[PDB]
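These protein sequence lines map, in sequence, to chains A and B. Per PDB author numbering, the very first residue in the first sequence carries number 2; after that it's consecutive. Per PDB author numbering, the very first residue in the second sequence carries number 2; after that it's consecutive.
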Amino acid sequence: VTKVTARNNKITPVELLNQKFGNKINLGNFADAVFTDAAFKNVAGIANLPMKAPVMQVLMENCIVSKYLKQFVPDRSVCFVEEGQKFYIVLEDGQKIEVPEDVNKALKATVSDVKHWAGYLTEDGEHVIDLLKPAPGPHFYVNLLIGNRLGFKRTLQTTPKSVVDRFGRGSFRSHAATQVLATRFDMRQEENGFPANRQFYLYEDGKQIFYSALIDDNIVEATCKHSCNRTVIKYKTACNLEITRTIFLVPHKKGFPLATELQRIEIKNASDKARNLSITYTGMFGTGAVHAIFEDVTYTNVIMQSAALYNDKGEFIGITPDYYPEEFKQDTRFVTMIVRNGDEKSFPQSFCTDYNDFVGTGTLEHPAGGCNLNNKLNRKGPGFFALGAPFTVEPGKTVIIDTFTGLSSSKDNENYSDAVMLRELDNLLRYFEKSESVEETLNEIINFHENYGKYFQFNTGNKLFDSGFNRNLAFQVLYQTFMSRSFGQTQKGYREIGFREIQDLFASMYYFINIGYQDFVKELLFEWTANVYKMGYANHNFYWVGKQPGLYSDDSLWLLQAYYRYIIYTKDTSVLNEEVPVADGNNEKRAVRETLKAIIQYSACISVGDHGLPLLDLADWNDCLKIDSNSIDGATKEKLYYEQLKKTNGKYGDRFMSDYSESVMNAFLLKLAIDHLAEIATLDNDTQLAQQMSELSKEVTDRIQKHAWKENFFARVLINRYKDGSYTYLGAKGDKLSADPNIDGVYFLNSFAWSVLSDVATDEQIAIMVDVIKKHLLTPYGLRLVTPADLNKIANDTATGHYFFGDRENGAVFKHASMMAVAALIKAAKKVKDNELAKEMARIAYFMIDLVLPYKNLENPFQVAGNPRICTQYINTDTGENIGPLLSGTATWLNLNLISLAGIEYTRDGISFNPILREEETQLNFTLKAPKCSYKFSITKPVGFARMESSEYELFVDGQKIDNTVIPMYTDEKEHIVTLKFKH
Amino acid sequence: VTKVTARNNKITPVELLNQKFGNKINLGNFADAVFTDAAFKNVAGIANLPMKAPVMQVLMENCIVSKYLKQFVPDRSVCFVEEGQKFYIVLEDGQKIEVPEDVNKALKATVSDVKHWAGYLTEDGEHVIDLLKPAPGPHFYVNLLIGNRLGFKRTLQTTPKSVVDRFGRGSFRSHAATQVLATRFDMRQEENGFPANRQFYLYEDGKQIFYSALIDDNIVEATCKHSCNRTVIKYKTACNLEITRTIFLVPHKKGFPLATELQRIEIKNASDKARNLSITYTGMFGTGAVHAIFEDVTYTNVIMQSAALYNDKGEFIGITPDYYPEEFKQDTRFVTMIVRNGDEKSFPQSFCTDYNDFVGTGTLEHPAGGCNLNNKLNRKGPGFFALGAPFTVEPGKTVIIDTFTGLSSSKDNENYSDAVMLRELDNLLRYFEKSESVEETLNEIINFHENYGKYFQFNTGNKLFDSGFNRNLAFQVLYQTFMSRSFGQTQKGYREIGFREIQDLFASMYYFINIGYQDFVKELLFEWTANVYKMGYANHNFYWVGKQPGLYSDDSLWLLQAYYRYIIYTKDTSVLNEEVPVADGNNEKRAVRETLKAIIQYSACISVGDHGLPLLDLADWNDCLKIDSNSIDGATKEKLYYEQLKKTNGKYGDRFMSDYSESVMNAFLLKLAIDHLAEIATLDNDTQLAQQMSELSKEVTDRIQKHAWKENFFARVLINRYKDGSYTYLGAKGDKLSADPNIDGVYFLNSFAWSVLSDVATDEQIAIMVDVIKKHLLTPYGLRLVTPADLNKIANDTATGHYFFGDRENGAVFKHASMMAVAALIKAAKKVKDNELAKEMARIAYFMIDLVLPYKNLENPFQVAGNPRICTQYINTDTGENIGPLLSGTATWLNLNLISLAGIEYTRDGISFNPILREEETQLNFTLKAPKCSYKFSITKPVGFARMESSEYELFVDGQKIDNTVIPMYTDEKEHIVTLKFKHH
Ligand SMILES: OC[C@H]1O[C@@H](O[C@H]2[C@H](O)[C@@H](O)[C@H](O[C@H]3[C@H](O)[C@@H](O)[C@H](O[C@H]4[C@H](O)[C@@H](O)[C@H](O[C@H]5[C@H](O)[C@@H](O)[C@H](O)O[C@@H]5CO)O[C@@H]4CO)O[C@@H]3CO)O[C@@H]2CO)[C@H](O)[C@@H](O)[C@@H]1O
Ligand SMILES: [Cl-]
Ligand SMILES: [Cl-]
Ligand SMILES: [Cl-]
Ligand SMILES: [Cl-]
Ligand SMILES: [Cl-]
């Protein structure tokens with residue numbers, strides 16, 4: 002027998018359709034087709050579509066169209082064409098047949114409004130989704146909900162999180178990986194939680210009439226609206242019932258449970274007769290023993306039981322899972338339902354806690370015993386629950402069912418027990434007793450996200466871009482600040498906060514400082530500083546305590562940048578005098594200034610190679626550069642360094658002698674950190690520290706220029722363990738490590754990016770690297786992270802690849818690295834003397850940005866996939882599809898790059914205004930919010946590239962023409978108008 | 002807010018029903034009831050049931066009965082009675098109302114044949130299951146299928162395994178934990194695999210008319226038959242279609258793939274018109290990366306793609322998943338379908354590889370695009386597949402569809418690639434060309450399991466018991482021998498071939514030797530010996546490499562028992578000279594005799610406490626007895642021991658100094674192992690080794706008697722970490738660790754069991770422990786593992802800190818320990834001088850055995866649950882329900898105990914015949930198979946307890962009266978008749 006793989010099957014159905022019907026009929030710009038047999042010999046398709054979409058699959062789903070095609074296409078290729086508001090079928094020989102009336106009507110109904118199959122964005126950036134249409138990708142219809150723990154202890158650790166899809170499915174997690182609602186670990190990416198989560202059934206006269214997760218013939222229409230931190234789903238039934246589901250997380254208040262999710266279900270009777278209905282709201286509680294799911298499911302089943310909750314009057318209100326082991330009793334989950342028939346409150350009358358009894362002989366969509374629950378408390382088994390209550394809806398009236406699903410944990414209370422959970426649940430119910438109290442709360446949430454994003458507001462003509470930046474991007478930045486990369490649709494494992502993820506604070510801090518939360522930023526900075534050891538290395542990960550000390554060499558170097566930004570924006574040098582505990586433990590504390598000095602010393606003097614550049618250790622920012630197999634972490638290096646100092650009678654601060662490889666990206670980060678520390682010391686009136694840092698920066702720049710430049714590019718890694726000269730460097734021409742014969746040597750994008758960002762490369766070097774990038778690193782789908790390389794020559798311990806071409810580490814475009822490169826390009830374009838080079842760099846930057854903006858994913862949704870409101874991780878270079886977890890460094894650097902392109906940069910003297918606009922753009926207006934004032938920026942230019950470095954410009958501030966390009970930070974609590982005019 | 006747990010809700014619906022309607026009506030022996038509201042105030046029920054059953058749930062499922070009840074359920078309790086073949090409803094005030102005609106008819110239909118709701122057992126032990134009835138438990142409708150790799154390299158590691166429920170759902174596994182069909186790791190125990198596995202859809206004229214996993218109005222009846230190593234399911238449709246599914250694992254032949262599962266679907270048209278139907282067979286392959294399902298599913302999705310398979314004629318035949326990484330390219334999966342329309346053969350015409358495209362806007366039960374497949378090869382994603390083919394069925398004719406789902410691995414071929422898979426698949430397809438061949442294969446399987454079990458055959462009057470022992474129990478023992486506790490209905494991961502699971506070979510070996518597979522027994526023994534390190538500790542689990550070295554102390558001590566059994570039965574001492582690689586790695590190889598000596602030394606001299614007993618090492622056989630919190634494994638102990646020897650100027654074999662706790666069960670196991678090794682050395686003409694082992698056994702017995710006996714029982718654990726004397730021992734009177742104020746101390750069943758089994762306890766001690774067991778450890782549901790304890794005062798993370806009382810190790814009836822105790826009771830009853838004590842012990846043993854036999858689970862199926870053909874793990878003492886995985890040592894020790902009760906014990910001089918029969922039994926006939934002969938045993942006795950120790954008996958062999966009670970192992974290739982007759986006083 003023979004095998005034919007998916008990628009080896011070169012001929013696609015669309016290509017075969019074009020071959021067969023290319024000259025006979027006009028196929029238009031887009032067409033769809035499908036193979037009619039496993040032999041891939043005949044095709045069936047429809048032509049002249051507005052955009053690429055799986056129309057053929059939907060057509061085959063229809064019974065009438067399938068039956069009509071059955072008589073035509075078991076072995077004969079056919080095509081569908083539209084002429085004169087009628088549908089014809091064209092055969093391969095040339096006959097055109099007018100289809101009968103029913104199939105013509107079905108085709109007209111299906112083809113209508115193809116352009117909105119994936120949905121559309123409103124003027125506020127909200128995504129409107131039809132529930133009957135296919136999904137472009139697993140992450141396309143996903144929304145992320147967040148809590149609000151501001152003003153409370155351990156904000157990062159204890160913030161609740163949730164993921165909700167278009168049907169309301171998903172999951173809900175408390176601190177760390179604690180699950181309130183069950184998370185499903187299955188083979189598909191679409192299944193994130195248990196199917197019964199946040200779903201309910203509506204019965205009438207003992208007969209099921211509605212299921213929230215099923216669209217039967219009884220539903221005329223059903224739409225979902227994804228917004229910022231809330232989800233709204235609307236159903237309309239054929240029996241004149243309007244159902245509205247609103248899902249959101251409750252912001253934390255004093256005495257509330259640690260995590261709480263609220264779902265409000267409004268049922269309106271549009272008919273003229275009273276309806277006696279019943280509602281059954283189902284769900285499944287998450288387990289406390291996550292590892293036992295793989296190890297022993299029976300262990301998870303037998304260690305817990307079900308319990309009922311009764312209010313002060315002895316009325317049943319909800320179900321909780323009760324655990325026997327003492328360790329699993331530190332978190333207590335609950336679910337509660339309240340029915341409001343206007344101003345009258347009622348509670349569920351029946352419950353079920355057994356999945357088998359509930360489903361019976363039917364399925365989850367049509368439970369056999371879903372109407373009459375047995376009211377039996379299960380002695381074991383998973384925390385499945387179903388609460389049932391009857392009600393009556395008068396003609397034209399509405400009934401509101403509020404469901405609270407939550408968890409109370411010991412991480413927020415002392416002497417924790419179930420009594421604490423009961424008290425907190427009582428407080429929550431008492432707070433939400435009134436019907437309006439829920440609605441107001443929702444408004445509060447909206448107002449928060451309508452204010453947090455007011456730091457930077459765009460006012461361009463394109464409403465989609467303005468909504469995407471002002472609302473969606475700011476929310477994503479806040480979400481990544483609060484959660485880093487610990488949750489998502491496909492990010493279901495347990496993850497701790499990485500040190501490098503402090504990059505998320507680079508963009509979000511300016512928002513927080515502008516809503517009166519500067520102390521929160523200070524607390525985050527101190528929390529990150531507490532994970533730095535005395536020597537200078539830092540813990541790689543930390544959630545409650547740090548771990549992996551000094552595993553990666555580039556971690557601590559990031560911290561400096563963050564501090565710089567803060568001190569630049571607020572002029573608050575007092576943070577330098579704060580005493581923070583060191584990561585070594587015991588009870589020792591150190592000043593922040595001394596910690597920064599130690600961080601600089603650990604990479605500038607100690608832990609350096611033969612060339613004086615920082616050591617690679619296990620790996621730098623890039624986790625694939627595992628060149629050194631015998632690498633050591635911070636603790637082992639410190640012990641060996643102390644032994645060496647004792648043996649050789651050396652002095653502290655001398656080089657740690659070894660033959661490990663050197664990292665040049667770490668050198669660029671070190672140079673940037675040294676410059677930032679010099680600037681901070683200058684701002685702190687510490688002349689000697691500033692002068693020392695300036696001399697150290699000059700020396701490091703000289704070392705980098707002498708040992709890293711290789712006449713064509715900046716080398717990535719310097720190798721010292723080969724004394725015969727077989728291999729000395731990696732990441733430049735002539736390194737003899739390229740896996741592609743057509744490429745002279747390996748090239749790394751980060752080398753150029755951080756050579757420009759650290760202000761090390763000169764103009765000639767910048768031009769040379771730009772030419773090299775255009776030649777090799779530029780692809781039709783973006784910028785590659787690195788050209789193909791063969792690291793087995795130097796590191797034989799490296800294994801083979803794990804991905805097909807175009808996936809992740811096999812040629813994909815990682816949008817985080819591409820965004821850093823775009824930031825470098827924007828920075829270079831503002832200062833290079835050559836105007837043509839600046840124009841080319843700006844063009845490349847805008848081209849790369851246009852491939853990352855989420856709102857542009859709706860132009861060709863069924864080819865690029867992704868998400869129209871949330872940035873994805875990488876782009877598959879073989880197909881162009883946006884793939885990856887919804888949480889990554891893409892959002893932060895995209896926000897920073899857009900702000901920089903607007904021309905806003907913060908320096909010691911204030912705001913260095915220097916915009917770079919698109920060639921076609923002729924007007925750019927935006928509003929900037931400052932702690933003590935505000936600015937309204939307007940920029941006007943003719944068509945074509947323009948910048949103040951070369952073009953002629955007039956600048957006015959408050960109606961007064963000025964020559965300096967630095968705008969001072971006013972403190973008069975007024976709005977200042979800034980106007981820029983470019984003259985041809 | 003107030004919280005009320007399930008266990009704190011003392012009142013039950015049946016109790017409330019009895020309270021409300023106890024005197025007004027006759028509730029009979031049984032009744033069913035259900036609360037009508039969450040307040041637990043009123044009840045709705047039905048009386049006079051033949052047995053406990055969820056009748057009320059079925060009634061509320063019915064629309065008519067629910068509608069009739071709805072008028073007065075929330076407010077007042079109601080009961081259903083049947084008088085004069087007509088149903089009446091009784092209220093709490095005494096009113097009796099005749100139900101309407103439709104309600105009466107529905108009630109009559111529902112309450113008919115309640116006795117067979119859980120099914121019944123045929124004459125051959127096969128289980129017949131109705132697919133429209135509720136399941137008593139998650140393990141009640143489960144069957145296990147095993148392959149056959151005998152006569153091929155690395156049999157133990159390469160035998161395929163499968164789990165099939167009543168609907169055919171489950172997962173199919175291969176060598177080690179390699180998944181062929183996807184296994185589902187979810188919250189529920191009932192979901193073992195992906196829901197689409199082994200299921201198919203039948204369409205007619207573009208409309209779905211049949212789904213194999215769904216029972217709807219179109220299905221008149223649907224039954225499943227669970228048998229030995231195959232499953233048969235039958236559906237009958239309202240449109241006169243008969244569908245038969247036969248599922249079994251293909252025995253391995255030369256050139257075949259490593260694992261292959263065959264499902265045959267026969268569709269017969271009972272009408273008088275030809276029908277044009279279409280079949281869509283769906284499934285989902287397992288992933289090579291079993292991990293990263295819990296880390297990142299995207300990685301699992303993007304490292305693989307789909308591929309189509311074409312025969313030599315260029316016709317599509319099936320789908321295979323193709324992986325990029327070299328790590329996952331060592332195993333290649335495939336699925337293929339063949340349609341036999343009498344003599345004509347056809348292949349599937351369409352396929353789908355995307356779950357979203359297949360399901361579409363519908364569900365898995367009613368896929369939107371299940372009839373018209375897009376024929377698109379998915380570039381990524383999980384290996385979902387659906388093969389579709391049309392066919393025409395003539396009136397009265399049958400159409401067969403054969404589906405082969407398999408995996409080919411590099412563990413059986415060299416220079417492996419996908420070409421090897423293609424060649425093996427071609428060979429497999431060539432073998433199964435004729436339609437009859439498949440049937441023949443099935444017969445072969447049956448014949449194997451009809452012969453493997455002929456080693457010991459019962460011939461009693463009770464047909465159910467004979468079918469359960471001769472057929473079901475032997476198959477379960479074989480399966481557990483090949484699989485330990487690795488793969489089952491709920492055993493799905495983290496567990497490999499366990500070292501102590503060598504206990505299974507205690508029972509199955511006699512079968513293998515009797516089918517000419519003694520070399521396979523030797524291979525198994527060497528495979529287990531290969532996981533023993535030089536010092537003596539052993540790997541806890543192993544598939545191809547070991548893991549958890551020396552984590553548990555009780556391991557490596559059952560190897561001595563296994564070797565003793567094999568050598569005694571076969572008189573083959575040559576296995577002592579075999580060179581087996583050690584678990585330390587490198588290339589060192591040691592003789593088996595030296596390995597046994599090292600095992601004895603590691604527990605007799607090294608790794609002993611202050612009293613000279615073996616250390617606990619965080620757990621003995623009892624996995625939840627984690628007394629020591631600062632425990633260490635074998636490697637750390639070895640390093641520390643070598644450092645201590647170097648620093649203190651010691652010599653190898655000295656005690657490893659520490660203050661860890663001591664295990665007395667390990668001491669009993671060590672004493673038994675030393676006795677077995679002494680006997681083996683005596684049989685091997687190794688005089689000085691035998692004398693040394695005898696002296697060591699005497700010394701160990703003296704130590705146990707001096708330090709473990711506590712004047713009321715045998716202590717379980719000796720504690721040495723408390724120098725103030727607050728706690729010194731656990732498992733006897735006066736240990737100050739009892740959680741029950743009415744019980745002086747904690748008591749462990751294993752202490753008595755292995756004191757009797759190891760021949761350490763005396764007759765007076767046996768009587769004292771029997772009295773203690775009857776006072777405390779005897780429960781209506783059997784012998785509980787341990788009395789209530791308060792171990793949290795000395796150590797957390799114990800059994801008492803994990804489970805509710807009455808679950809697993811926390812005082813439940815752990816049937817493995819119960820069977821070991823029954824074995825001890827049987828052994829004691831054959832030799833104690835006191836006849837009354839022996840009678841009581843035999844009565845207790847038979848009482849405990851009656852609670853373990855699977856076939857008795859059908860007497861009260863909806864209360865005891867369990868499985869009518871496979872032994873479960875434990876019994877909950879609060880409810881009596883049989884819970885736990887289908888894999889346990891319960892089956893092995895039940896087989897051993899039932900053989901021992903017949904009197905078959907193998908000694909060095911032959912068979913030590915000494916039967917112990919039931920008091921009410923008066924006749925016992927069975928047949929025994931020997932390597933060079935066979936025996937037919939017949940035993941006759943009057944009613945009442947009788948044994949050769951006290952009762953008068955006559956024994957005849959081949960019609961010759963003899964006095965010696967040891968039957969020699971003849972070698973004349975004939976059948977010998979043995980007759981025993983007991984005479985009353
Ligand atoms: O002698 C017994 C007999 O039967 C079998 O042995 C069984 C035994 O019968 C079972 O009782 C035992 O049950 C264990 C579960 O299998 C295992 O999954 C569970 O693991 C727990 C662990 O005990 C607990 O400490 C752990 O807590 C961690 C949390 O998960 C984390 O969140 C937290 O951060 O860290 C803590 C660690 O402190 O949870 C896991 C579950 O996730 O432990 C049960 C009791 O030990 O299983 C035995 C088999 O393994 C056996 O087949 C026979 O051979 C044997 O003779
Ligand atoms: Cl995600
Ligand atoms: Cl890099
Ligand atoms: Cl025990
Ligand atoms: Cl099982
Ligand atoms: Cl067990």
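All C-beta atoms, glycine included, are put in the ideal place defined by N, C-alpha and C.
| Query | Result |
| --- | --- |
| Quick one: using the 10 Å Cβ neighbour count with 16 as the cut-off for buried, is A110/B buried or exposed? | exposed |
| What is the C-beta distance between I147/A and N230/A, in whole angstroms, given that I count them as a contact (C-beta under 8 Å)? | 6 Å |
| Kindly give me the distance between the Cβ atoms of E663/A and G610/A, rounded to whole angstroms, as I take these residues to be in contact under 8 Å. | 4 Å |
| Report the option in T404/B, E502/B, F657/B and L215/B whose CA atom is closest to the CA atom of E262/B. | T404/B |
| Could you compute how far the alpha carbon of residue 1031/B sits from the alpha carbon of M666/B? | Past the edges of chain B, shown from 2 to 986, lies residue 1031/B, and the structure says nothing about it. |
| The beta strand (DSSP E) that contains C353/B, what's its start and end? | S351 to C353 |
| With DSSP as the reference, label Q864/B as helix, strand or coil. | helix |
| Taking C225/B as part of the alpha helix (DSSP H), name the residues at either end of that continuous run. | Counting along the chain, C225/B falls outside any alpha helix (DSSP H), though it belongs to the beta strand (DSSP E) covering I220 to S228. |
| Cutting at 8 Å between CB atoms, please list the residues of its own chain near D125/A, excluding the five before and the five after it. | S228, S468 and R472 |
| When you compare only the Cα positions, how much space is there between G613/A and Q706/A? | 12 Å |
| Nearest chain A C-beta to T571/B closer than 7 Å, yes or no? | no |
| Are the Cβ atoms of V35/A and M57/A separated by less than 7 Å? | yes |
| On the DSSP letters alone, give me the boundaries of the beta strand (DSSP E) that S163/A sits inside. | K162 to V165 |
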